[PDB]
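Student: Provided herewith is a single structure, encoded as structure tokens, for subsequent inquiry.
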Amino acid sequence: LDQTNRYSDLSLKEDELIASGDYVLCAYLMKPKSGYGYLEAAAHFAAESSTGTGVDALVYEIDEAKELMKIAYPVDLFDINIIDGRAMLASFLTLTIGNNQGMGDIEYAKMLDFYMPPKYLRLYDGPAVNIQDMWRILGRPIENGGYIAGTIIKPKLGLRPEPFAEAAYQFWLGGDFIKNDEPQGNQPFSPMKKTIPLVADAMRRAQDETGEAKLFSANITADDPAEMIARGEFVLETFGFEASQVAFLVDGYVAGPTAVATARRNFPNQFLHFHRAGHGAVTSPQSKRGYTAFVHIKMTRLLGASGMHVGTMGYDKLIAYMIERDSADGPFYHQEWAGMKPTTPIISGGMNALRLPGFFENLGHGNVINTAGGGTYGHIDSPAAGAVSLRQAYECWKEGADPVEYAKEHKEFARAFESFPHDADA
Amino acid sequence: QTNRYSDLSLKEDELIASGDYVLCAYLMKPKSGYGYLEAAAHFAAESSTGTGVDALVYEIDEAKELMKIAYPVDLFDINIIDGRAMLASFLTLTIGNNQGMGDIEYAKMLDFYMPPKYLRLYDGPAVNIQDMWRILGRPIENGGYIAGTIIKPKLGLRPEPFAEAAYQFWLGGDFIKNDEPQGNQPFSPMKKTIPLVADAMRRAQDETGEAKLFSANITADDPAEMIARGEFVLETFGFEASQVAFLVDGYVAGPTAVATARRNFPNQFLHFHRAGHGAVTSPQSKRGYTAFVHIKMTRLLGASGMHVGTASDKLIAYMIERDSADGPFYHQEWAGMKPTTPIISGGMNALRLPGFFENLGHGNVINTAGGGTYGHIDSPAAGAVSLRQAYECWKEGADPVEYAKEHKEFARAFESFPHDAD
């Protein structure tokens, strides 16, 4: 087959493809359909992912036994804005994980990593805002400002405007950060133009009573970008003098990259909180299709997410490092970011003050936003005392104090012991 | 939780008759140590109120790995600007966080129902194949097959060769579309290529005396870029701007990209490209949603035409082209919501197209695949004319072989594909 010959070259060296700065590389788990040879199916994938039948994509590496295929994409395949000469993720996705996901000769193919060379990477927006901007608002250090105590209000959807605002007020007496639940917006039982003014008033009340600054992440997701812009402007107008303290929450997996670029390019001076609801449909290890969480979370930095949800890391630090450092390793590719702004990890899926010190030891820092369910609403006293116990668990860790010794001086952290007694170490 | 988020005593028919519930039907298998109704209820919670508007498991078939949930309509998000529905909300509630739950091995959406009060809040299509029939001078009802292509190779042609292949195709064919990644690549910049494509279309119109149709890729991250591309393309097509379709890569760019086209360019056929959809809609996937559910959703968003491929998935065709249709689980009335046109990738030669038509009941479709066009021994033009002839012959119900004499392009298809119907 001349298709196999034209669209593969196993003699190309990865090192030299990287050195040329002329190629986007992607690594995939691929398995052919029974009867198709690995190299023929791979070359066919490279063809379907580029020219069809020199801007041809090339299979440069196969491991038939490991079900591993590696493809070099000449940079000039990728689409460029007519308005500003910048890159679009939509083009990266359509070539490298587009048509190639419907091919009859392939049982499955999943992107595990990619490499973007400097001349292409620098054409992406990258983030304009991150946790540094939140540290600045809170009056914490601009380097290693540490842990931001956040929550979702429970119940997650269904609270009328007034009970929502009252629960937010109660939380902000102790915690830093509240996010809308990702579906939360302008539902008939809690309209946006009723709820948002009461949340802004709740935030001011908690600020007046504590003398501390607070943070809110408002859902602006919609289909119509005019509606995302209307939501964004209404929220900033409503928060008024506190408008700088509002993050914009975007469901960028189900709404897609265009919704995310809408927030990034219309509201660059606001923290862009990327919510990934629905991502598991492809990123689950149970799926052999689409792309991994690692690939997803790396692309969100390119889009300019200020913070990205990354989960619990086993309670996965490699994903955090790839978004928060200038120089990082994927499972297959080393990536230099050339000072593209970090995206902040936002951790979720429970976690309580007793297990926080081990989470920080593994990560090597606590420069993260935590939207903790169990950790705050499981505290015996109050969700506010729960958020204080979480910050105190960070402060204890940063000091290197002994948690139990630390508890003697810190009632909220002490009462965490009595809150989670079967977590609490003998 | 299980008690709160499930009620198996609820009757599907009364949920539909209330007009107060969106219903979703899913293939669901719990993790090994988890009971089926416990997992389903937990899924309903994660898909609604977590903890009036609690979503409810109303039906499980543990043996069939099947779970049906009722979603009170008031859960769904509404635009502040125009009081209209947004698909982003239906996706985040019905196939959102529920796709990352540790106590579920897999859950895939197989069908959904929208009651009339909520359905009518969606844009629906504003344009479909009827608008193309009008342009082509063909009947407004059952105007038949539109003969289409993608220029080969897929990507890589310079502007002048791309425009030349478009001119050559249009001498026999009706419709050309960008390949889905084709836009403003450096080797074929949009502002060089589109003017030459428009020129090629005018030359083909002048020599044939027939109208032609082009589908221009306007996909981008930035909605401002989608609008600049769409404006540049209408400006350049000038007097032929009515004959331009806007192609959006709606799966990889998402519903916000499609609404951008739908709401800024409602007067232009919105051609929905689904590159990457296979990552979830493949029968090999147990996650996300089926091609049926995907294609159903595109009609809501207002796709004028939707790629559906090429027997029983004409269950799909009926759901996008009719006012009244049945999914695998739910009957849906569209109450006059404009139909979405199937765009097929049907390779089939002029001699095999008939069996496709036979199975469909009609040839009211746009065809973009190349097998019957580029496989023709003479020219891609001749191949397009052969496929039209194969619709026209099948429509008139003439004898293929008797029709072949008097129709040289269909004739030469017999010599082009000596195997088949023999």
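In the structure tokens, the first chain shown is A, the next is B, and so on; residue numbers restart at 1 for each chain, and ligands run from 1 in the order shown.
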If you run DSSP on this backbone, which residues of region 195-261 of chain B come out as helix (DSSP H, G or I), and could you give them as a PyMOL selection string?

Tutor: chain B and resi 195-208+223-243+255-261

Student: Need the shell around residue 10 (chain B): protein/DNA/RNA residues with any atom at most 12 Å away, counting only C-alpha atoms. Skip same-chain ones fewer than 5 positions apart. Format as a PDB file with N, CA, C and O atoms, in the first residue's frame?

Tutor:
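selection32.pdb, freshly written:
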```
ATOM      1  N   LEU B  15     -46.072  11.055  33.038  1.00  0.00           N
ATOM      2  CA  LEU B  15     -44.927  12.001  33.008  1.00  0.00           C
ATOM      3  C   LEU B  15     -44.972  12.784  31.693  1.00  0.00           C
ATOM      4  O   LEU B  15     -44.943  14.019  31.758  1.00  0.00           O
ATOM      5  N   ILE B  16     -45.201  12.099  30.574  1.00  0.00           N
ATOM      6  CA  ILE B  16     -45.338  12.719  29.225  1.00  0.00           C
ATOM      7  C   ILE B  16     -46.584  13.613  29.170  1.00  0.00           C
ATOM      8  O   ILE B  16     -46.487  14.724  28.591  1.00  0.00           O
ATOM      9  N   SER B  18     -48.244  15.137  31.649  1.00  0.00           N
ATOM     10  CA  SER B  18     -48.003  16.343  32.491  1.00  0.00           C
ATOM     11  C   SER B  18     -47.360  17.480  31.673  1.00  0.00           C
ATOM     12  O   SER B  18     -47.692  18.634  31.949  1.00  0.00           O
ATOM     13  N   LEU B  56     -35.800  12.155  39.079  1.00  0.00           N
ATOM     14  CA  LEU B  56     -36.300  10.861  39.619  1.00  0.00           C
ATOM     15  C   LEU B  56     -36.038   9.726  38.629  1.00  0.00           C
ATOM     16  O   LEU B  56     -36.442   9.849  37.453  1.00  0.00           O
ATOM     17  N   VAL B  57     -35.439   8.644  39.130  1.00  0.00           N
ATOM     18  CA  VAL B  57     -35.458   7.307  38.475  1.00  0.00           C
ATOM     19  C   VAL B  57     -36.908   6.797  38.516  1.00  0.00           C
ATOM     20  O   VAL B  57     -37.445   6.633  39.626  1.00  0.00           O
ATOM     21  N   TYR B  58     -37.549   6.654  37.354  1.00  0.00           N
ATOM     22  CA  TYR B  58     -38.965   6.212  37.230  1.00  0.00           C
ATOM     23  C   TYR B  58     -39.025   4.770  36.702  1.00  0.00           C
ATOM     24  O   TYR B  58     -40.073   4.146  36.843  1.00  0.00           O
ATOM     25  N   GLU B  59     -37.925   4.252  36.160  1.00  0.00           N
ATOM     26  CA  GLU B  59     -37.880   2.931  35.491  1.00  0.00           C
ATOM     27  C   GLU B  59     -36.436   2.432  35.478  1.00  0.00           C
ATOM     28  O   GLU B  59     -35.562   3.234  35.106  1.00  0.00           O
ATOM     29  N   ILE B  60     -36.199   1.189  35.917  1.00  0.00           N
ATOM     30  CA  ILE B  60     -34.898   0.458  35.766  1.00  0.00           C
ATOM     31  C   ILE B  60     -35.203  -0.923  35.177  1.00  0.00           C
ATOM     32  O   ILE B  60     -36.259  -1.480  35.498  1.00  0.00           O
ATOM     33  N   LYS B  68     -34.121   4.979  33.320  1.00  0.00           N
ATOM     34  CA  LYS B  68     -34.900   6.122  32.776  1.00  0.00           C
ATOM     35  C   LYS B  68     -35.096   7.150  33.889  1.00  0.00           C
ATOM     36  O   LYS B  68     -35.571   6.765  34.963  1.00  0.00           O
ATOM     37  N   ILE B  69     -34.775   8.421  33.628  1.00  0.00           N
ATOM     38  CA  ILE B  69     -34.860   9.485  34.671  1.00  0.00           C
ATOM     39  C   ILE B  69     -35.776  10.595  34.153  1.00  0.00           C
ATOM     40  O   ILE B  69     -35.666  10.920  32.978  1.00  0.00           O
ATOM     41  N   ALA B  70     -36.676  11.090  35.006  1.00  0.00           N
ATOM     42  CA  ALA B  70     -37.534  12.272  34.772  1.00  0.00           C
ATOM     43  C   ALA B  70     -36.876  13.503  35.399  1.00  0.00           C
ATOM     44  O   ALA B  70     -36.576  13.433  36.644  1.00  0.00           O
TER      45      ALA B  70
END
```

Student: Hey, what's within 9 Å of residue 39 (chain A) if we count only C-alpha atoms and toss same-chain stuff fewer than 2 positions away? As a list in words, please?

Tutor: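 That gives residues 4, 8, 36, 37, 41, 42, 43, 44, 59, 62, 64 and 69 of chain A.
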
Student: Write out, as a PDB file, in the first residue's frame, the residues just selected, with C-alpha atoms.

Tutor:
```
ATOM      1  CA  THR A   4       1.036   3.229   4.314  1.00  0.00           C
ATOM      2  CA  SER A   8       4.391   6.790   7.812  1.00  0.00           C
ATOM      3  CA  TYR A  36      -5.761  -4.773   9.756  1.00  0.00           C
ATOM      4  CA  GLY A  37      -1.961  -4.518  10.242  1.00  0.00           C
ATOM      5  CA  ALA A  41      -4.195   1.302  10.118  1.00  0.00           C
ATOM      6  CA  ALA A  42      -1.857   3.972  11.694  1.00  0.00           C
ATOM      7  CA  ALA A  43      -0.860   5.477   8.269  1.00  0.00           C
ATOM      8  CA  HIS A  44      -4.633   5.478   7.402  1.00  0.00           C
ATOM      9  CA  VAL A  59       3.220   7.942  11.818  1.00  0.00           C
ATOM     10  CA  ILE A  62       4.388   2.360  16.556  1.00  0.00           C
ATOM     11  CA  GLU A  64       2.102  -2.933  18.004  1.00  0.00           C
ATOM     12  CA  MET A  69       0.987   5.058  17.805  1.00  0.00           C
TER      13      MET A  69
END
```

Student: I need the residues in region 26-230 of chain B that are strand (DSSP E) according to DSSP; give them as an MDAnalysis selection string.

Tutor: chainID B and resid 26:30 56:61 66:72 104:113 146:149 175:177 213:217

Student: Excluding residue 384 (chain B) and its own-chain neighbours fewer than 6 positions away, which residues fall within 10 Å of it when counting only C-alpha atoms? Please give them as a PyMOL selection string.

Tutor: chain B and resi 146-149+169-175+350+367+370+372-374+376+390+409-410

Student: Just to be explicit: take each residue in the selection above, keep N, CA and C atoms, and write the result as a tab-separated table (two decimals), in the first residue's frame.

Tutor:
```tsv
chain	number	residue	atom	x	y	z
B	146	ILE	N	-29.31	16.16	-3.70
B	146	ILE	CA	-28.31	17.21	-4.04
B	146	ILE	C	-26.94	16.54	-4.10
B	147	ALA	N	-26.31	16.65	-5.27
B	147	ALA	CA	-25.06	15.93	-5.61
B	147	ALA	C	-23.91	16.80	-5.13
B	148	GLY	N	-23.16	16.33	-4.14
B	148	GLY	CA	-22.13	17.11	-3.45
B	148	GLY	C	-20.79	16.41	-3.44
B	149	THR	N	-19.74	17.15	-3.09
B	149	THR	CA	-18.38	16.61	-2.92
B	149	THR	C	-17.62	17.42	-1.88
B	169	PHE	N	-15.77	20.42	-10.75
B	169	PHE	CA	-16.85	19.62	-10.13
B	169	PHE	C	-18.21	20.24	-10.47
B	170	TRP	N	-18.32	21.56	-10.40
B	170	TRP	CA	-19.63	22.25	-10.46
B	170	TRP	C	-20.24	22.10	-11.86
B	171	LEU	N	-19.43	21.81	-12.90
B	171	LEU	CA	-19.90	21.64	-14.31
B	171	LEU	C	-20.94	20.50	-14.37
B	172	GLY	N	-20.87	19.54	-13.45
B	172	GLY	CA	-21.89	18.48	-13.30
B	172	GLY	C	-22.57	18.48	-11.94
B	173	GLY	N	-21.86	18.76	-10.84
B	173	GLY	CA	-22.39	18.68	-9.47
B	173	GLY	C	-23.07	19.97	-9.02
B	174	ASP	N	-23.72	19.91	-7.87
B	174	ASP	CA	-24.49	21.03	-7.28
B	174	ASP	C	-23.76	21.69	-6.10
B	175	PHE	N	-23.20	20.89	-5.21
B	175	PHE	CA	-22.72	21.37	-3.89
B	175	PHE	C	-21.29	20.96	-3.58
B	350	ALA	N	-23.47	5.06	-8.78
B	350	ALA	CA	-24.77	5.37	-9.42
B	350	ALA	C	-25.65	4.10	-9.47
B	367	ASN	N	-25.61	14.66	-0.53
B	367	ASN	CA	-24.56	13.62	-0.51
B	367	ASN	C	-23.23	14.30	-0.69
B	370	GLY	N	-17.37	10.51	-1.88
B	370	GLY	CA	-16.62	10.58	-3.16
B	370	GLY	C	-16.65	9.30	-3.98
B	372	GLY	N	-18.75	7.31	-5.54
B	372	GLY	CA	-19.52	7.34	-6.80
B	372	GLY	C	-19.13	8.48	-7.73
B	373	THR	N	-18.49	9.54	-7.20
B	373	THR	CA	-18.06	10.76	-7.95
B	373	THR	C	-16.64	10.55	-8.52
B	374	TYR	N	-15.67	10.25	-7.65
B	374	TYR	CA	-14.21	10.18	-7.96
B	374	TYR	C	-13.86	8.78	-8.48
B	376	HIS	N	-15.80	7.39	-10.78
B	376	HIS	CA	-16.29	7.44	-12.18
B	376	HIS	C	-15.07	7.55	-13.11
B	390	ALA	N	-29.06	8.50	-11.46
B	390	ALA	CA	-29.43	7.37	-10.58
B	390	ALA	C	-30.53	7.72	-9.59
B	409	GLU	N	-23.59	9.58	-19.07
B	409	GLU	CA	-22.85	9.60	-17.78
B	409	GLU	C	-23.31	8.41	-16.94
B	410	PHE	N	-24.61	8.16	-16.86
B	410	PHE	CA	-25.14	6.98	-16.14
B	410	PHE	C	-24.64	5.72	-16.86
```

Student: Please build the interface table for region 217-310 of chain B against region 80-89 of chain B with a cut-off of 9 Å, listing for each qualifying residue the nearest atom pair and the distance in Å to one decimal; count only C-alpha atoms, order rows by chain and increasing number, and write it as CSV.

Tutor:
```
residue,atom,partner,partner_atom,distance
B:255,CA,B:88,CA,7.1
B:256,CA,B:88,CA,8.1
B:297,CA,B:87,CA,7.8
B:300,CA,B:87,CA,7.9
B:301,CA,B:87,CA,7.2
```

Student: One number please: CA of residue 375 (chain A) to CA of residue 350 (chain A), in Å, one decimal.

Tutor: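 We find that CA of residue 375 (chain A) and CA of residue 350 (chain A) lie 6.1 Å from each other.
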
Student: Show which residues sit within 7 Å of residue 419 (chain A), as a list in words. Count only C-alpha atoms, and ignore same-chain residues fewer than 6 positions away.

Tutor: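 My reading of the contact set: residues 378, 379 and 380 of chain A.
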
Student: Calculate how many Å separate CA of residue 266 (chain B) from CA of residue 139 (chain B), rounding to one decimal.

Tutor: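 Computed distance, CA of residue 266 (chain B) to CA of residue 139 (chain B), equals 22.4 Å.
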
Student: Work out how far CA of residue 326 (chain B) is from CA of residue 222 (chain A), in Å to one decimal.

Tutor: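 Calculated distance between CA of residue 222 (chain A) and CA of residue 326 (chain B) is 28.6 Å.
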
Student: Which one of B:184, B:260, B:345, B:282 sits closest to residue 303 (chain B) if you count only C-alpha atoms?

Tutor: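 Distance minimum relative to residue 303 (chain B) lands on B:260.
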
Student: Find the spatial neighbours of residue 62 (chain B), counting only C-alpha atoms, within a cut-off of 10 Å - ignore same-chain residues fewer than 4 positions away - and output them as a compact mmCIF listing (two decimals) with N, CA, C and O atoms, in the first residue's frame.

Tutor:
```txt
# COMPACT_ATOMS: atom_id res chain seq x y z
N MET B 28 -26.97 1.93 31.54
CA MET B 28 -26.16 2.15 32.75
C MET B 28 -25.82 0.80 33.40
O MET B 28 -26.73 -0.07 33.50
N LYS B 29 -24.55 0.65 33.77
CA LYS B 29 -24.00 -0.47 34.56
C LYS B 29 -23.24 0.13 35.74
O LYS B 29 -22.27 0.87 35.54
N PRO B 30 -23.65 -0.21 36.99
CA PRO B 30 -22.92 0.16 38.20
C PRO B 30 -21.57 -0.54 38.34
O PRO B 30 -21.41 -1.58 37.77
N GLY B 35 -25.61 -1.70 44.09
CA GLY B 35 -26.97 -2.07 43.66
C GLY B 35 -27.45 -1.14 42.57
O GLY B 35 -27.05 0.05 42.60
N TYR B 36 -28.29 -1.63 41.66
CA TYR B 36 -28.73 -0.91 40.44
C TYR B 36 -29.60 0.31 40.81
O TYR B 36 -29.28 1.40 40.31
N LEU B 37 -30.65 0.16 41.62
CA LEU B 37 -31.53 1.31 41.98
C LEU B 37 -30.78 2.33 42.84
O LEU B 37 -31.09 3.53 42.72
N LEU B 66 -30.43 -0.75 32.03
CA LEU B 66 -31.27 0.30 31.42
C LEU B 66 -31.91 1.10 32.55
O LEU B 66 -32.35 0.47 33.55
N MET B 67 -31.88 2.44 32.42
CA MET B 67 -32.28 3.38 33.49
C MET B 67 -32.94 4.60 32.84
O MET B 67 -32.36 5.16 31.86
```

Student: Which polymer residues have any atom within 6 Å of an atom of residue 156 (chain A), counting only C-alpha atoms, with same-chain residues fewer than 5 positions away left out, as a tab-separated table (two decimals) with N, CA and C atoms, in the first residue's frame?

Tutor:
```
chain	number	residue	atom	x	y	z
A	181	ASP	N	-22.97	25.96	41.54
A	181	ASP	CA	-23.00	24.63	40.89
A	181	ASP	C	-23.07	24.85	39.37
B	49	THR	N	-30.16	17.84	41.98
B	49	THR	CA	-30.13	18.64	43.22
B	49	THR	C	-29.04	18.17	44.19
B	50	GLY	N	-28.34	17.07	43.91
B	50	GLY	CA	-27.27	16.52	44.77
B	50	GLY	C	-27.71	16.33	46.23
```

Student: From the set A:114, A:60, A:274, A:45, which residue has the shortest atom-to-atom contact distance to residue 26 (chain A), counting only C-alpha atoms?

Tutor: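 Selected residue with least distance to residue 26 (chain A): A:114.
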
Student: Nearest to residue 256 (chain A) among A:272, A:90, A:165, A:97, with distances taken over only C-alpha atoms: which residue is it?

Tutor: A:90

Student: Which of these, A:212, A:107, A:336, A:423, has the shortest distance to chain B once you count only C-alpha atoms?

Tutor: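 So, comparing all the options, the nearest one is A:107.
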